[PDB]
Amino acid sequence: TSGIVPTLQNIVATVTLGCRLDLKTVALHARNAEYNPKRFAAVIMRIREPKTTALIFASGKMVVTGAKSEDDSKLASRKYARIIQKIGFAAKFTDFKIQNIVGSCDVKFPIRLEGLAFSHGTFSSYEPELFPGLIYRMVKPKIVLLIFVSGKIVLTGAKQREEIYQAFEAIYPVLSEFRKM
DNA sequence: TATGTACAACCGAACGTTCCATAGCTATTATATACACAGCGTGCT
């Protein structure tokens, strides 16, 4: 009905290697590594070809983020593991689970936020002197939507690409019902 | 009769400080979105 498909903007994927790393060694022998143990307990590393960031912890756990596609995250995570391998550490690609997907879109018309905040009060929270966007907590699929007056919708919380589409197709009608003017 | 001698009667407890045990908050990364606020820098007068 809508005819517009939301576009994914970020994918937070987590990977494990099953081995203990020495963060200082990784920071000193990796191209772009930023290890500051005083603030955080991981070495932050970036690569350019998929443009993703990785938080590599001392327990062999990795948190890749920034990929725009489900497969691109796999390529980024694989390259990060390979870089760790080329250092010499025992690193093997292992369980890869996408823990969060963020998508954005626009319905192309203003939305009366005061309406959703009133009609849908059990899901929507509208406190406009803190954040200019209404927060809709959909119950099935369990996804959080940020609805803005300019007609822009942000989808976050989906674990697969299907739920983020399902949420938008279920939110378009109630959004159109509250079109200003 | 007189004098001796004898006998009978008339400290607690309130508050403060240190020591285990469990759970929860804090910080960091990425991204779309948008508002308000606090800066910095450049032209104008």
# chains A, B, ... in the order shown; residues from 1 in each chain; ligands from 1
>>> closest_atom_pairs(of="chain A", to="chain B", cutoff="8 Å", atoms="only C-alpha atoms (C1' of nucleotides)", output="JSON lines")
{"residue": "A:9", "atom": "CA", "partner": "B:31", "partner_atom": "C1'", "distance": 5.5}
{"residue": "A:10", "atom": "CA", "partner": "B:31", "partner_atom": "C1'", "distance": 5.0}
{"residue": "A:11", "atom": "CA", "partner": "B:30", "partner_atom": "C1'", "distance": 7.8}
{"residue": "A:12", "atom": "CA", "partner": "B:30", "partner_atom": "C1'", "distance": 7.3}
{"residue": "A:39", "atom": "CA", "partner": "B:27", "partner_atom": "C1'", "distance": 6.5}
{"residue": "A:40", "atom": "CA", "partner": "B:28", "partner_atom": "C1'", "distance": 6.1}
{"residue": "A:53", "atom": "CA", "partner": "B:29", "partner_atom": "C1'", "distance": 7.0}
{"residue": "A:54", "atom": "CA", "partner": "B:29", "partner_atom": "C1'", "distance": 7.7}
{"residue": "A:55", "atom": "CA", "partner": "B:29", "partner_atom": "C1'", "distance": 7.4}
{"residue": "A:65", "atom": "CA", "partner": "B:30", "partner_atom": "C1'", "distance": 5.3}
{"residue": "A:66", "atom": "CA", "partner": "B:30", "partner_atom": "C1'", "distance": 4.9}
{"residue": "A:102", "atom": "CA", "partner": "B:31", "partner_atom": "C1'", "distance": 6.6}
{"residue": "A:103", "atom": "CA", "partner": "B:32", "partner_atom": "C1'", "distance": 6.7}
{"residue": "A:104", "atom": "CA", "partner": "B:32", "partner_atom": "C1'", "distance": 5.5}
{"residue": "A:131", "atom": "CA", "partner": "B:35", "partner_atom": "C1'", "distance": 7.0}
{"residue": "A:132", "atom": "CA", "partner": "B:35", "partner_atom": "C1'", "distance": 5.8}
{"residue": "A:133", "atom": "CA", "partner": "B:34", "partner_atom": "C1'", "distance": 7.3}
{"residue": "A:146", "atom": "CA", "partner": "B:33", "partner_atom": "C1'", "distance": 7.6}
{"residue": "A:148", "atom": "CA", "partner": "B:33", "partner_atom": "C1'", "distance": 7.4}
{"residue": "A:152", "atom": "CA", "partner": "B:33", "partner_atom": "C1'", "distance": 7.0}
{"residue": "A:153", "atom": "CA", "partner": "B:33", "partner_atom": "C1'", "distance": 7.5}
{"residue": "A:154", "atom": "CA", "partner": "B:32", "partner_atom": "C1'", "distance": 6.1}
>>> residues_around(residues="residue 47 of chain A", least_positions_apart="5", cutoff="12 Å", atoms="only C-alpha atoms (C1' of nucleotides)", output="PyMOL selection string")
chain A and resi 30-33+52-54+64-67+73+75-81+83
>>> write_last_selection(atoms="C-alpha atoms", output="compact mmCIF listing (two decimals), in the first residue's frame")
# COMPACT_ATOMS: atom_id res chain seq x y z
CA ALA A 30 46.89 -2.88 13.82
CA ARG A 31 46.57 -0.14 11.21
CA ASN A 32 43.78 1.98 12.74
CA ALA A 33 43.42 1.01 16.41
CA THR A 52 32.41 -0.27 9.85
CA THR A 53 33.66 0.03 13.43
CA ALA A 54 34.58 -2.86 15.70
CA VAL A 64 30.84 -4.82 14.60
CA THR A 65 28.64 -1.84 13.78
CA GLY A 66 27.97 0.62 10.96
CA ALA A 67 27.28 -1.81 8.11
CA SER A 73 28.51 -6.76 8.19
CA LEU A 75 32.43 -9.11 5.24
CA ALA A 76 33.52 -6.48 7.77
CA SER A 77 33.53 -8.94 10.67
CA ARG A 78 35.44 -11.50 8.61
CA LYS A 79 38.09 -8.92 7.68
CA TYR A 80 38.45 -7.85 11.32
CA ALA A 81 38.98 -11.49 12.31
CA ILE A 83 43.41 -8.85 10.69
>>> select_by_dssp(residues="segment 32-145 of chain A", states="helix (DSSP H, G or I)", output="number ranges by chain")
A: 70-87, 113-119
>>> write_last_selection(atoms="C-alpha atoms", output="mmCIF file, in the first residue's frame")
data_model
loop_
_atom_site.group_PDB
_atom_site.id
_atom_site.type_symbol
_atom_site.label_atom_id
_atom_site.label_comp_id
_atom_site.auth_asym_id
_atom_site.auth_seq_id
_atom_site.Cartn_x
_atom_site.Cartn_y
_atom_site.Cartn_z
ATOM 1 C CA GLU A 70 23.326 -7.860 6.492
ATOM 2 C CA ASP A 71 26.037 -9.335 4.251
ATOM 3 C CA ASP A 72 28.311 -6.278 4.418
ATOM 4 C CA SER A 73 28.514 -6.762 8.185
ATOM 5 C CA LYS A 74 29.685 -10.332 7.577
ATOM 6 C CA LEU A 75 32.431 -9.108 5.240
ATOM 7 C CA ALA A 76 33.521 -6.477 7.765
ATOM 8 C CA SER A 77 33.531 -8.936 10.669
ATOM 9 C CA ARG A 78 35.445 -11.498 8.606
ATOM 10 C CA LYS A 79 38.091 -8.921 7.680
ATOM 11 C CA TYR A 80 38.448 -7.852 11.317
ATOM 12 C CA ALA A 81 38.984 -11.486 12.312
ATOM 13 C CA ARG A 82 41.498 -11.915 9.486
ATOM 14 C CA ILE A 83 43.412 -8.847 10.688
ATOM 15 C CA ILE A 84 43.543 -10.394 14.162
ATOM 16 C CA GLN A 85 44.734 -13.624 12.534
ATOM 17 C CA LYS A 86 47.515 -11.872 10.611
ATOM 18 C CA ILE A 87 48.720 -10.486 13.932
ATOM 19 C CA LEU A 113 2.104 14.036 16.851
ATOM 20 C CA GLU A 114 -0.432 15.216 19.441
ATOM 21 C CA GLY A 115 -2.876 12.785 17.838
ATOM 22 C CA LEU A 116 -0.911 9.539 18.078
ATOM 23 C CA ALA A 117 0.056 10.594 21.605
ATOM 24 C CA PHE A 118 -3.668 10.774 22.450
ATOM 25 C CA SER A 119 -5.297 8.053 20.335
#
>>> atom_distance(atom1="atom CA of residue 125 of chain A", atom2="atom CA of residue 178 of chain A")
15.9 Å
>>> select_by_dssp(residues="segment 3-150 of chain A", states="strand (DSSP E)", output="MDAnalysis selection string")
chainID A and resid 7:16 33:35 42:47 52:57 61:65 96:106 124:125 134:139 142:147
>>> atom_distance(atom1="atom CA of residue 13 of chain A", atom2="atom CA of residue 63 of chain A")
5.9 Å
